[PDB]
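**Q** Okay, here's the structure, questions in a sec.
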Amino acid sequence: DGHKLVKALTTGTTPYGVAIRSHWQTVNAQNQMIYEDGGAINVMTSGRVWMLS
Amino acid sequence: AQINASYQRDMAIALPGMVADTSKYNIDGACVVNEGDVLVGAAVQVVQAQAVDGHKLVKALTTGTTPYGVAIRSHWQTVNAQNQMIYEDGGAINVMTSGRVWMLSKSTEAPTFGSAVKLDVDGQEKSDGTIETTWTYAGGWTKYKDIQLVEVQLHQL
Amino acid sequence: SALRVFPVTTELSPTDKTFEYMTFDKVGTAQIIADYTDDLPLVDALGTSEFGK
Amino acid sequence: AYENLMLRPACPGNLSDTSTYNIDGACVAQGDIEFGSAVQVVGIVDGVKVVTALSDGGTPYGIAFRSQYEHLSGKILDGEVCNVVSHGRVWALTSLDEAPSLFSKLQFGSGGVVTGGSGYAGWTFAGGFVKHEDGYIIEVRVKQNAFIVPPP
């Protein structure tokens, strides 16, 4: 099929990309924007982004 | 009386040496087949890059040589031969130096997502090949009729 | 009974010595995508031919 | 190059091929910078980058680019905005006489001029070597995220 099953980072794993900001795909949760289980995600593998620190 | 019937059949997913994704890719023209024939889904080597002019002479992989790129399937430049599509000697080749392409494989087991790609002396993917590349797998693993195909991620050298 | 039980056509001209007909095929796939997507699969096609006299 | 040719092959500080190039436009110059030659990033002030000519103990960032509107004096002067080729394939300046091995990692020294190959990490030498004035010009395959500044 060709879909990749992404998850959140854990102990001892190699990161792949950074999720980005979209007003349509994301769903608001905990007073913030978030991606839920299922559905599609936007992960950027190249470019410049503002990460949480 | 009688009972009607309806059937279904699905198309294949890939073809040797065919661009797999619309991601950032870089196809380099101005390459020449110095000697022999080059298959659509096999790696190539750079015999010589001319200084003033700019043409790069392209051959087929042999023992102890650094791979450069994968040939790309085209309906105009390529010449049909051996009941297949090949690039003849003395003709321009579309070499993909970056992106995702469908390769020809000689292995029998599905590979991991992120890992080095090993080729053999022929220029086709092999799970335990000798020649070492900087490219990595992408995940795709299918088969067209009796031909095995694998997807790889190409990085610029 | 040979022309009676099999169809007869008229395509060839008197001076022709051979003829040829061709077939075709296609391959491809599709996936479930998201809003900001640069990853889309592709399609292609093939063909063969035969002869006579 | 030179005679027996209708056109001169190339001029330093200009792109050679149109294949995945990236040009930064938010930059400021600290000193006189010539076309070609690698540059450093001294610091960032309100978004823009203050670039200088390469010096000792500094990791190169990009190659200066030639624009015929911004710089009307043949070089980039102090306190002038400039374009830097962070990624792509550009003609650089070298102090060599013979083309190195193909796909060899180049080394930089002095004012950003290439001194030799046989490096360990960095940019690579593409296929190109032309004569310019009294000297030669080398083609450099610039890749982003190639040189990492060492930790203190």
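**Q** Would you mind checking the stretch B:105-128 for residues with the amide N under 18 Å from a putative spin-label position 7 Å along Cα→C-beta of B:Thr136?
**A** Within reach of a label on B:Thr136: B:111-119.
**Q** Now a separate question. Can you give the charge dipole size of chain D about its Cα centre, rounded to the nearest 20 debye, using +1 on the beta carbon of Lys and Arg and -1 on the beta carbon of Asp and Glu?
**A** The dipole of chain D has a size of about 460 debye.
**Q** Something else about it: What shape does chain A take by its C-alpha gyration tensor, where a ≥ b ≥ c are the square roots of the eigenvalues and a/c under 1.5 counts as rounded, a/b above b/c as prolate, and the rest as oblate?
**A** Here chain A falls in the rounded category.
**Q** Let me ask something additional. Order these by the 10 Å Cβ neighbour count, fewest first: B:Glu132, D:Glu34.
**A** Least to most surrounded, the residues fall as B:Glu132, D:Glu34.
**Q** With r defined as the distance between the Cβ atoms of D:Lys75 and C:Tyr36 and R0 fixed at 30 Å, what FRET efficiency is calculated, to the nearest 0.05?
**A** That pair, D:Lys75 with C:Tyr36, gives E of 0.15.
**Q** If you don't mind, another one. Over the Cα atoms of the protein assembly as shown, what radius of gyration and what Dmax do you get, in Å?
**A** Looking at the protein assembly as shown, its Cα Rg and Dmax stand at 27.2, 99 Å.
**Q** Please identify the trypsin sites (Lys or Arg not before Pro) of the stretch B:88-148 that satisfy two criteria: DSSP loop assignment and at most 14 other Cβ atoms within 10 Å. Which are they?
**A** B:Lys145
**Q** Still on this structure, please answer the following. What's the exposure ranking of A:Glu36, D:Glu98, B:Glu125, going from fewest to most Cβ atoms within 10 Å?
**A** Least to most surrounded, the residues fall as D:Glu98, A:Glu36, B:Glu125.
**Q** Using the alpha-carbon centroid of each, what span in Å lies between chain C and the stretch B:84-157?
**A** Cα centroid of chain C versus Cα centroid of the stretch B:84-157: 29 Å apart.
**Q** Let me ask something else. What's the FRET efficiency of C:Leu3 with B:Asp10 using the Cβ-Cβ distance as r and R₀ = 51 Å, to the nearest 0.05?
**A** Once the sixth-power term is evaluated, E becomes 0.80.
**Q** Of B:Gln77, D:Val142, D:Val113, whose Cα points farthest to the positive end of the dipole of the protein assembly as shown (charges on the beta-carbon: +1 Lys, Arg; -1 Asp, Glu; origin at the Cα centre)?
**A** Positive-most Cα among the choices belongs to B:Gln77.
**Q** About its Cα centre, what dipole magnitude does chain B give when the only charges are +1 on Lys and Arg Cβ and -1 on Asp and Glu Cβ, stated in debye to the nearest 20?
**A** 340 debye
**Q** Which pairs break 24 Å Cα to Cα here: A:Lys7/D:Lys143; B:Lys56/C:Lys26; B:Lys59/D:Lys131; B:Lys59/B:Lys118?
**A** Checking Cα-Cα distances, A:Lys7/D:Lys143; B:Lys56/C:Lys26; B:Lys59/D:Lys131 exceed 24 Å.
**Q** For the stretch B:118-131, take each phi angle, set θ = phi - 60°, evaluate the Karplus expression 6.51 cos²θ - 1.76 cosθ + 1.60, and give the result in whole Hz per residue in order, putting x for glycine and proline.
**A** Taking θ as phi minus 60°, the curve returns 10, 9, 9, 5, 6, x, 10, 5, 9, 4, 10, x, 9, 5 Hz for the stretch B:118-131.
**Q** Using 20 Å as the cut-off for backbone N distance, which residues of the stretch D:89-111 belong to the label zone defined by a point 7 Å from the Cα of D:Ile44 along Cα→Cβ?
**A** Flagged as within label range: none.
**Q** Quick one: putting +1 on the C-beta of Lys and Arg, -1 on the C-beta of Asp and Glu, what dipole do you get for chain C around its Cα centre, in Debye to the nearest 20?
**A** My answer is approximately 600 debye.
**Q** Oh, and also: DSSP loop (so not H, G, I, E, B), at most 14 other Cβ within 10 Å: list which chymotrypsin sites (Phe, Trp or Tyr not before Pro) in the stretch B:81-150 pass both filters.
**A** Counting only loop positions with at most 14 other Cβ atoms within 10 Å, the chymotrypsin sites (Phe, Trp or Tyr not before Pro) in the stretch B:81-150 are B:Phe113.
**Q** If you average the alpha carbon positions of the stretch D:51-115 and of the stretch A:4-33, how far apart do those two centres end up, in angstrom?
**A** Rounded to whole Å, the Cα centres lie 39 Å apart.
**Q** May I ask which residue of B:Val52, B:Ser6, B:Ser23 lies farthest towards the positive end of the charge dipole of the stretch B:1-59, with charges of +1 (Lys, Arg) and -1 (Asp, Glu) on Cβ and the Cα centre as origin?
**A** Farthest along the dipole direction, towards plus: B:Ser6.
**Q** Averaged across B:13-21, how many Cβ atoms of other chains sit within 10 Å of each residue's Cβ atom?
**A** 4
**Q** Between A:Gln25 and C:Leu12, what FRET efficiency follows from the Cβ-Cβ distance if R0 is 45 Å, with the result rounded to 0.05?
**A** Calculated value: 0.15.
**Q** Defining a contact as two alpha carbons under 8 Å apart and six or more residues distant in sequence, what relative contact order in percent does chain A show?
**A** Once normalised by length, the contact order is 35 percent.
**Q** For D:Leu93, C:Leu42, B:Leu61, what's the fewest-to-most ordering of other Cβ within 10 Å of each Cβ?
**A** C:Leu42, B:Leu61, D:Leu93
**Q** Name the residue, out of D:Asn83, D:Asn22, D:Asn14, whose mean-square fluctuation peaks in a Gaussian network model built on chain D with Cα pairs under 10 Å.
**A** D:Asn22
**Q** How about the stretch D:39-141: which chymotrypsin sites (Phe, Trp or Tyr not before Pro) there are in a DSSP loop, with at most 16 other Cβ atoms within 10 Å of their Cβ?
**A** When the chymotrypsin sites (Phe, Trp or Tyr not before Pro) of the stretch D:39-141 are filtered for loop state and at most 16 Cβ neighbours within 10 Å, D:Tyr69, D:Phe103, D:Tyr120 remain.
Values quoted throughout were computed directly from the atomic coordinates according to the rules given, and no laboratory measurement underlies them. Every residue, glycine as well, gets a Cβ built from its backbone with ideal geometry; the counts of neighbours run over all protein chains shown.
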